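S.K.: Here you go, this is data07.txt (compact mmCIF, N, CA and C atoms).
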# COMPACT_ATOMS: atom_id res chain seq x y z
N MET A 1 -46.09 164.03 -53.77
CA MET A 1 -46.47 165.18 -52.96
C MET A 1 -45.68 165.11 -51.68
N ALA A 2 -46.14 165.79 -50.62
CA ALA A 2 -45.51 165.69 -49.29
C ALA A 2 -45.44 164.22 -48.90
N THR A 3 -46.50 163.53 -49.24
CA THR A 3 -46.62 162.13 -49.11
C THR A 3 -45.77 161.47 -50.16
N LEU A 4 -44.71 160.90 -49.72
CA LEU A 4 -43.83 160.25 -50.57
C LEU A 4 -43.02 159.26 -49.78
N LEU A 5 -42.60 158.23 -50.42
CA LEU A 5 -41.79 157.24 -49.83
C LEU A 5 -40.46 157.25 -50.51
N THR A 6 -39.42 157.28 -49.76
CA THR A 6 -38.11 157.14 -50.31
C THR A 6 -37.64 155.71 -50.05
N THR A 7 -36.41 155.40 -50.39
CA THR A 7 -35.86 154.07 -50.16
C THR A 7 -35.96 153.71 -48.65
N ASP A 8 -35.57 154.66 -47.81
CA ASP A 8 -35.61 154.52 -46.35
C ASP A 8 -37.02 154.20 -45.86
N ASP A 9 -38.00 154.92 -46.39
CA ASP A 9 -39.42 154.73 -46.01
C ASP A 9 -39.91 153.38 -46.47
N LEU A 10 -39.48 153.01 -47.66
CA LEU A 10 -39.88 151.76 -48.27
C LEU A 10 -39.33 150.60 -47.46
N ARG A 11 -38.07 150.75 -47.04
CA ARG A 11 -37.38 149.80 -46.17
C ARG A 11 -38.23 149.54 -44.93
N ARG A 12 -38.68 150.64 -44.31
CA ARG A 12 -39.50 150.61 -43.09
C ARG A 12 -40.72 149.75 -43.26
N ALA A 13 -41.38 149.90 -44.40
CA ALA A 13 -42.59 149.15 -44.68
C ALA A 13 -42.31 147.66 -44.71
N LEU A 14 -41.23 147.27 -45.40
CA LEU A 14 -40.85 145.87 -45.45
C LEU A 14 -40.39 145.35 -44.10
N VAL A 15 -39.79 146.21 -43.29
CA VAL A 15 -39.40 145.83 -41.94
C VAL A 15 -40.67 145.54 -41.14
N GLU A 16 -41.63 146.46 -41.22
CA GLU A 16 -42.90 146.33 -40.51
C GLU A 16 -43.63 145.04 -40.91
N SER A 17 -43.73 144.78 -42.21
CA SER A 17 -44.44 143.60 -42.70
C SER A 17 -43.67 142.29 -42.47
N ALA A 18 -42.37 142.38 -42.21
CA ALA A 18 -41.57 141.20 -41.95
C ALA A 18 -41.63 140.84 -40.48
N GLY A 19 -41.92 141.82 -39.66
CA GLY A 19 -42.06 141.60 -38.25
C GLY A 19 -40.81 141.96 -37.51
N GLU A 20 -40.38 141.10 -36.64
CA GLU A 20 -39.19 141.35 -35.88
C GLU A 20 -37.97 140.92 -36.67
N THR A 21 -37.43 141.85 -37.39
CA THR A 21 -36.26 141.64 -38.20
C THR A 21 -35.26 142.77 -37.97
N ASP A 22 -34.09 142.64 -38.56
CA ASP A 22 -33.06 143.66 -38.49
C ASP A 22 -33.13 144.47 -39.76
N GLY A 23 -33.82 143.91 -40.74
CA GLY A 23 -33.96 144.55 -42.01
C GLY A 23 -32.99 144.00 -43.01
N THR A 24 -32.27 142.95 -42.61
CA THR A 24 -31.30 142.24 -43.42
C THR A 24 -30.43 143.13 -44.30
N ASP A 25 -30.58 142.97 -45.57
CA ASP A 25 -29.79 143.69 -46.57
C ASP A 25 -30.58 144.80 -47.22
N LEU A 26 -31.64 145.22 -46.57
CA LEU A 26 -32.47 146.33 -47.07
C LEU A 26 -31.85 147.68 -46.71
N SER A 27 -30.69 147.61 -46.09
CA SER A 27 -29.92 148.76 -45.68
C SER A 27 -29.55 149.60 -46.89
N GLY A 28 -29.70 150.90 -46.75
CA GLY A 28 -29.42 151.80 -47.83
C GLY A 28 -30.42 151.63 -48.94
N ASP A 29 -29.95 151.65 -50.14
CA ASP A 29 -30.80 151.44 -51.28
C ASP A 29 -30.81 150.00 -51.63
N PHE A 30 -31.95 149.38 -51.46
CA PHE A 30 -32.09 147.99 -51.79
C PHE A 30 -32.96 147.87 -53.03
N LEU A 31 -33.15 148.99 -53.72
CA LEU A 31 -33.99 149.08 -54.92
C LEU A 31 -33.61 148.06 -56.01
N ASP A 32 -32.36 147.66 -56.02
CA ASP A 32 -31.86 146.70 -56.99
C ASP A 32 -31.89 145.28 -56.44
N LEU A 33 -32.12 145.15 -55.15
CA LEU A 33 -32.27 143.85 -54.52
C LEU A 33 -33.68 143.37 -54.74
N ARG A 34 -33.79 142.31 -55.44
CA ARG A 34 -35.06 141.79 -55.86
C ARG A 34 -35.77 141.12 -54.71
N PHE A 35 -37.09 141.15 -54.73
CA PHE A 35 -37.88 140.60 -53.64
C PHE A 35 -37.64 139.11 -53.48
N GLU A 36 -37.52 138.39 -54.60
CA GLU A 36 -37.21 136.94 -54.56
C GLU A 36 -35.90 136.68 -53.82
N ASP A 37 -34.99 137.62 -53.94
CA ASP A 37 -33.65 137.51 -53.38
C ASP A 37 -33.63 137.87 -51.90
N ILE A 38 -34.57 138.69 -51.48
CA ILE A 38 -34.69 139.03 -50.06
C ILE A 38 -35.77 138.19 -49.38
N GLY A 39 -36.18 137.12 -50.05
CA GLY A 39 -37.18 136.20 -49.52
C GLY A 39 -38.52 136.86 -49.27
N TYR A 40 -38.93 137.70 -50.19
CA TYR A 40 -40.19 138.38 -50.09
C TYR A 40 -41.09 137.94 -51.23
N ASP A 41 -42.16 137.27 -50.91
CA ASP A 41 -43.10 136.84 -51.92
C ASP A 41 -44.07 137.93 -52.18
N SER A 42 -44.67 137.90 -53.35
CA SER A 42 -45.66 138.87 -53.76
C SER A 42 -46.81 139.03 -52.76
N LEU A 43 -47.19 137.94 -52.09
CA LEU A 43 -48.28 137.98 -51.11
C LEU A 43 -47.86 138.87 -49.94
N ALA A 44 -46.66 138.63 -49.41
CA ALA A 44 -46.11 139.43 -48.33
C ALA A 44 -45.94 140.87 -48.79
N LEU A 45 -45.48 141.00 -50.03
CA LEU A 45 -45.26 142.29 -50.67
C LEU A 45 -46.58 143.09 -50.78
N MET A 46 -47.67 142.41 -51.12
CA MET A 46 -48.98 143.05 -51.19
C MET A 46 -49.37 143.59 -49.84
N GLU A 47 -49.09 142.82 -48.80
CA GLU A 47 -49.41 143.20 -47.43
C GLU A 47 -48.58 144.44 -47.01
N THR A 48 -47.37 144.50 -47.51
CA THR A 48 -46.45 145.59 -47.26
C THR A 48 -47.05 146.84 -47.86
N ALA A 49 -47.33 146.73 -49.14
CA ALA A 49 -47.97 147.76 -49.90
C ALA A 49 -49.31 148.11 -49.26
N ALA A 50 -50.00 147.10 -48.73
CA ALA A 50 -51.29 147.27 -48.08
C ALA A 50 -51.23 148.23 -46.90
N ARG A 51 -50.16 148.12 -46.13
CA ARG A 51 -49.94 148.98 -44.98
C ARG A 51 -49.79 150.41 -45.48
N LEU A 52 -49.06 150.53 -46.56
CA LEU A 52 -48.81 151.79 -47.23
C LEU A 52 -50.10 152.36 -47.83
N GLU A 53 -50.91 151.49 -48.44
CA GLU A 53 -52.22 151.85 -49.01
C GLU A 53 -53.08 152.50 -47.94
N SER A 54 -53.21 151.80 -46.85
CA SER A 54 -54.01 152.23 -45.74
C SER A 54 -53.49 153.54 -45.13
N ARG A 55 -52.19 153.59 -44.92
CA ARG A 55 -51.53 154.72 -44.28
C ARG A 55 -51.63 156.00 -45.12
N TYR A 56 -51.36 155.89 -46.40
CA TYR A 56 -51.33 157.05 -47.27
C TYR A 56 -52.62 157.26 -48.03
N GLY A 57 -53.62 156.47 -47.70
CA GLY A 57 -54.92 156.60 -48.30
C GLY A 57 -54.88 156.39 -49.79
N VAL A 58 -54.32 155.29 -50.20
CA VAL A 58 -54.20 154.95 -51.59
C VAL A 58 -54.63 153.53 -51.81
N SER A 59 -54.64 153.11 -53.03
CA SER A 59 -54.95 151.76 -53.37
C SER A 59 -54.04 151.35 -54.51
N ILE A 60 -53.40 150.23 -54.35
CA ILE A 60 -52.48 149.71 -55.32
C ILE A 60 -53.10 148.52 -56.03
N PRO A 61 -53.18 148.57 -57.38
CA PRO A 61 -53.73 147.47 -58.18
C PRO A 61 -53.05 146.13 -57.86
N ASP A 62 -53.87 145.14 -57.54
CA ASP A 62 -53.43 143.78 -57.14
C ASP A 62 -52.47 143.13 -58.14
N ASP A 63 -52.61 143.46 -59.42
CA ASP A 63 -51.70 142.93 -60.44
C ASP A 63 -50.34 143.54 -60.25
N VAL A 64 -50.32 144.85 -60.10
CA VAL A 64 -49.08 145.62 -60.02
C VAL A 64 -48.39 145.38 -58.68
N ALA A 65 -49.19 145.18 -57.64
CA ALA A 65 -48.69 144.90 -56.29
C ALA A 65 -47.80 143.65 -56.27
N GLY A 66 -48.04 142.75 -57.20
CA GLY A 66 -47.23 141.57 -57.30
C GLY A 66 -46.56 141.48 -58.65
N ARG A 67 -46.49 142.60 -59.34
CA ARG A 67 -45.91 142.65 -60.69
C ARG A 67 -44.49 143.18 -60.60
N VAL A 68 -44.22 143.84 -59.51
CA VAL A 68 -42.94 144.46 -59.28
C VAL A 68 -41.89 143.45 -58.85
N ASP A 69 -40.82 143.40 -59.59
CA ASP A 69 -39.71 142.49 -59.33
C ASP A 69 -38.70 143.15 -58.46
N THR A 70 -38.58 144.43 -58.61
CA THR A 70 -37.62 145.19 -57.90
C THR A 70 -38.29 146.33 -57.15
N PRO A 71 -37.76 146.68 -55.96
CA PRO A 71 -38.27 147.76 -55.13
C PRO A 71 -38.37 149.08 -55.86
N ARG A 72 -37.46 149.32 -56.81
CA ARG A 72 -37.49 150.53 -57.64
C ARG A 72 -38.87 150.74 -58.30
N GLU A 73 -39.43 149.65 -58.83
CA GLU A 73 -40.73 149.64 -59.49
C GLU A 73 -41.82 150.00 -58.48
N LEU A 74 -41.77 149.33 -57.34
CA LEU A 74 -42.76 149.47 -56.30
C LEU A 74 -42.70 150.89 -55.71
N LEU A 75 -41.49 151.38 -55.49
CA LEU A 75 -41.26 152.72 -55.00
C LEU A 75 -41.91 153.73 -55.93
N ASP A 76 -41.59 153.61 -57.22
CA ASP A 76 -42.12 154.49 -58.26
C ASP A 76 -43.64 154.44 -58.34
N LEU A 77 -44.19 153.23 -58.26
CA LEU A 77 -45.62 153.03 -58.32
C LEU A 77 -46.30 153.78 -57.18
N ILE A 78 -45.77 153.65 -55.98
CA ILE A 78 -46.34 154.32 -54.83
C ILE A 78 -46.07 155.83 -54.90
N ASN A 79 -44.90 156.20 -55.41
CA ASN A 79 -44.56 157.62 -55.62
C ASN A 79 -45.56 158.29 -56.55
N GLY A 80 -45.94 157.56 -57.59
CA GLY A 80 -46.92 158.04 -58.54
C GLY A 80 -48.32 158.11 -57.94
N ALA A 81 -48.63 157.21 -57.03
CA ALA A 81 -49.92 157.22 -56.35
C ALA A 81 -49.97 158.39 -55.37
N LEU A 82 -48.91 158.54 -54.62
CA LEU A 82 -48.76 159.60 -53.63
C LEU A 82 -48.53 160.97 -54.29
N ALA A 83 -48.37 160.96 -55.60
CA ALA A 83 -48.34 162.18 -56.40
C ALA A 83 -49.73 162.81 -56.42
N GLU A 84 -50.74 161.97 -56.29
CA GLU A 84 -52.11 162.41 -56.35
C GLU A 84 -52.78 162.36 -54.99
N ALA A 85 -52.40 161.39 -54.19
CA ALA A 85 -53.02 161.21 -52.91
C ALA A 85 -52.11 161.63 -51.77
N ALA A 86 -52.70 162.25 -50.79
CA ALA A 86 -52.01 162.69 -49.61
C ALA A 86 -52.96 162.58 -48.44
Take the structure from the file and write it as structure tokens.
M.R.:
Amino acid sequence: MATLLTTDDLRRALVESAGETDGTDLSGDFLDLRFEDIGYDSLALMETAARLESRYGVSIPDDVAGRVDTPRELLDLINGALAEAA
């Protein structure tokens, strides 16, 4: 819906949950850059998604929140959630 996250928005969330960072290699489309490769553990990732959950009034299944290997999956998952929630 209007509520949607693009790669740029998704980047922002990981920047926010990482704290004071430059955003490393999340520049542009990092959808193919795996979380393990950007030093992002599923726990941190859940917190990232958590910010998004709270912000967009959604809830992401705890299995799926740490089931995503690549940002593309996570982006799509939230896109599908935000398809219904706004």
S.K.: Identify, on the basis of only C-alpha atoms, every residue whose closest approach to residue 64 of chain A does not exceed 10 Å; exclude the query and any residue fewer than 6 positions from it along the same chain; express the result as a list in words.
M.R.: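 Here the qualifying residues turn out to be residues 42, 46, 73, 74 and 77 of chain A.
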S.K.: Expressed in Å to a single decimal, how great is the separation between atom CA of residue 62 of chain A and atom N of residue 49 of chain A?
M.R.: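 Straight-line distance from atom CA of residue 62 of chain A to atom N of residue 49 of chain A works out to 10.5 Å.
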S.K.: Just the number, please: distance in Å from atom CA of residue 40 of chain A to atom C of residue 24 of chain A, one decimal.
M.R.: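 Going from atom CA of residue 40 of chain A over to atom C of residue 24 of chain A covers 12.3 Å.
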S.K.: Near segment 31-36 of chain A, counting only C-alpha atoms, which residues have an atom at most 7 Å away, once you skip same-chain residues fewer than 2 positions from it, shown as a PyMOL selection string?
M.R.: chain A and resi 29+38-41+69-72
S.K.: Using only C-alpha atoms, determine which residues lie at most 12 Å from residue 19 of chain A, disregarding the query and same-chain residues fewer than 4 positions distant; provide the list as a PDB file with N, CA and C atoms, keeping the file's coordinate frame.
M.R.:
ATOM      1  N   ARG A  12     -38.680 150.640 -44.310  1.00  0.00           N
ATOM      2  CA  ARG A  12     -39.500 150.610 -43.090  1.00  0.00           C
ATOM      3  C   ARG A  12     -40.720 149.750 -43.260  1.00  0.00           C
ATOM      4  N   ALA A  13     -41.380 149.900 -44.400  1.00  0.00           N
ATOM      5  CA  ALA A  13     -42.590 149.150 -44.680  1.00  0.00           C
ATOM      6  C   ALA A  13     -42.310 147.660 -44.710  1.00  0.00           C
ATOM      7  N   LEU A  14     -41.230 147.270 -45.400  1.00  0.00           N
ATOM      8  CA  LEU A  14     -40.850 145.870 -45.450  1.00  0.00           C
ATOM      9  C   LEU A  14     -40.390 145.350 -44.100  1.00  0.00           C
ATOM     10  N   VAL A  15     -39.790 146.210 -43.290  1.00  0.00           N
ATOM     11  CA  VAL A  15     -39.400 145.830 -41.940  1.00  0.00           C
ATOM     12  C   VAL A  15     -40.670 145.540 -41.140  1.00  0.00           C
ATOM     13  N   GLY A  23     -33.820 143.910 -40.740  1.00  0.00           N
ATOM     14  CA  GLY A  23     -33.960 144.550 -42.010  1.00  0.00           C
ATOM     15  C   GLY A  23     -32.990 144.000 -43.010  1.00  0.00           C
ATOM     16  N   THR A  24     -32.270 142.950 -42.610  1.00  0.00           N
ATOM     17  CA  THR A  24     -31.300 142.240 -43.420  1.00  0.00           C
ATOM     18  C   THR A  24     -30.430 143.130 -44.300  1.00  0.00           C
ATOM     19  N   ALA A  44     -46.660 138.630 -49.410  1.00  0.00           N
ATOM     20  CA  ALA A  44     -46.110 139.430 -48.330  1.00  0.00           C
ATOM     21  C   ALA A  44     -45.940 140.870 -48.790  1.00  0.00           C
ATOM     22  N   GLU A  47     -49.090 142.820 -48.800  1.00  0.00           N
ATOM     23  CA  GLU A  47     -49.410 143.200 -47.430  1.00  0.00           C
ATOM     24  C   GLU A  47     -48.580 144.440 -47.010  1.00  0.00           C
ATOM     25  N   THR A  48     -47.370 144.500 -47.510  1.00  0.00           N
ATOM     26  CA  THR A  48     -46.450 145.590 -47.260  1.00  0.00           C
ATOM     27  C   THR A  48     -47.050 146.840 -47.860  1.00  0.00           C
TER      28      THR A  48
END
S.K.: Counting all atoms listed in the file, which of A:79, A:17, A:27, A:59 gets nearest to residue 3 of chain A?
M.R.: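 When distances to residue 3 of chain A are compared using all atoms listed in the file, the smallest one comes from A:79.
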S.K.: Dump as an NGL selection string all residues having an atom at most 6 Å from (-49.2, 162.0, -54.5), computed in the file's coordinates with only N, CA and C atoms.
M.R.: :A and (1 or 3 or 79-86)
S.K.: Limited to N, CA and C atoms, could you put the picked residues into a file as a tab-separated table (two decimals), keeping the file's coordinate frame?
M.R.:
chain	number	residue	atom	x	y	z
A	1	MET	N	-46.09	164.03	-53.77
A	1	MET	CA	-46.47	165.18	-52.96
A	1	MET	C	-45.68	165.11	-51.68
A	3	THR	N	-46.50	163.53	-49.24
A	3	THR	CA	-46.62	162.13	-49.11
A	3	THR	C	-45.77	161.47	-50.16
A	79	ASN	N	-44.90	156.20	-55.41
A	79	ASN	CA	-44.56	157.62	-55.62
A	79	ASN	C	-45.56	158.29	-56.55
A	80	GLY	N	-45.94	157.56	-57.59
A	80	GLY	CA	-46.92	158.04	-58.54
A	80	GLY	C	-48.32	158.11	-57.94
A	81	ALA	N	-48.63	157.21	-57.03
A	81	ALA	CA	-49.92	157.22	-56.35
A	81	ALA	C	-49.97	158.39	-55.37
A	82	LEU	N	-48.91	158.54	-54.62
A	82	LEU	CA	-48.76	159.60	-53.63
A	82	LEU	C	-48.53	160.97	-54.29
A	83	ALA	N	-48.37	160.96	-55.60
A	83	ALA	CA	-48.34	162.18	-56.40
A	83	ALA	C	-49.73	162.81	-56.42
A	84	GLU	N	-50.74	161.97	-56.29
A	84	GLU	CA	-52.11	162.41	-56.35
A	84	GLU	C	-52.78	162.36	-54.99
A	85	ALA	N	-52.40	161.39	-54.19
A	85	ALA	CA	-53.02	161.21	-52.91
A	85	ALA	C	-52.11	161.63	-51.77
A	86	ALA	N	-52.70	162.25	-50.79
A	86	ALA	CA	-52.01	162.69	-49.61
A	86	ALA	C	-52.96	162.58	-48.44
S.K.: Expressed in Å to a single decimal, how great is the separation between atom C of residue 43 of chain A and atom N of residue 2 of chain A?
M.R.: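 Taking atom C of residue 43 of chain A as the start and atom N of residue 2 of chain A as the end point, the length is 27.0 Å.
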S.K.: Could you write out, as a PyMOL selection string, all the residues of chain A that DSSP marks as alpha helix (DSSP H)?
M.R.: chain A and resi 7-18+42-56+62-65+71-81
S.K.: Can you tell me, as AutoDock Vina command-line options, the centre and edge lengths (Å, one decimal) of the axis-aligned box enclosing all of segment 54-58 of chain A's listed atoms after padding each side by 4 Å?
M.R.:
--center_x -53.1 --center_y 154.5 --center_z -48.0 --size_x 11.6 --size_y 13.5 --size_z 15.5
S.K.: Considering only C-alpha atoms, return as a ChimeraX atom specification whatever protein or nucleic-acid residues lie within 8 Å of residue 75 of chain A, sequence-local ones (same chain, fewer than 5 positions apart) excluded.
M.R.: /A:5-7,10
